[PDB]
């Protein structure tokens, strides 16, 4: 019952200012932090070899798009390798991001691991030496981080253990980040896999998030210096029933209103399995929902910003401009969506 402040007022101000820059009006996050094993599949899908150069080039493609994205992109999440790579003009990618008015983010988790005694549930690892890494990332231009936990809706999942453990590791990660001047993005993703309906997803999302913010409270996390990256509330991929974008928006905003304290600076939705357009329309519906929403509601999109660019590129240097144009298309669409002004 005694306060031993985790953060000084100066530390708090820094975190809050960073968090606010990332989700400033009209702005969202480009998620380009695919691990080498994850980006491999994407290159493979356009018949491109998974080399450091192709990864460097593709990231350059995204990060060096014209200045039309500048007001659309408040932050860019990088994977470790990309943080220390350079553009053709010799500029480190973090410098490229900052020069276009963006904040640099770093994915810091080390993937999921199985929870014994559960039906295929996982927790996430990556806490070991995390404090030193965060200090180093901070020096090298990073101001926020990402940590992904994954939960599954099934007959017996997500279990009490899975919810409790994932909420706890998220809280530990968030605590270490804030000690090093890094804004943590808390990502408790509930997968869309399954035949569950919308209100089951809403129920699970509400329970997961209540657990998350209790955990953050127990660990003395400064919410104004954090962001939330949740799934939208949607039916499962195999659900036959159909819902309008307004119903999805209503269920999403409702779940958040019942669990997310106003002090949280912003919510940066993941797109999950949604198409580029679907992701933009839902985000727009969410921002048009008439209920009171005391946090920024924007995007942290990977696929939903990149899918078309990757295809237009096709691994061919000459299609650079064509590819970039597709990315700018989505960045502009989503900058409008997070203001509720997007009309396809």
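Positions refer to the first chain, counted from 1.
Set 322-330 against 15-23 and average the Cα temperature factors; 322-330 ends up higher.
Comparing 43-51 with 284-292, the stretch with the higher mean C-alpha B-factor in the PDB entry is 43-51. When the Cα B-factors of 100, 257, 214, 172 are read from the PDB record, 100 comes out highest. As recorded in the entry, 81 carries the highest CA temperature factor of 81, 121, 128, 132.
Compared with the other modelled residues of the chain, the Cα B-factor recorded for residue 159 ranks in the middle third. Ranked by Cα temperature factor within the chain, residue 205 sits in the lowest third according to the deposited record. Sorting the modelled residues of the chain by their CA temperature factor places residue 272 in the highest third. Annotation for residue 242: C-alpha temperature factor in the highest third relative to the rest of the modelled chain, per the entry.
Annotation for residue 198: C-alpha temperature factor in the highest third relative to the rest of the modelled chain, per the entry.
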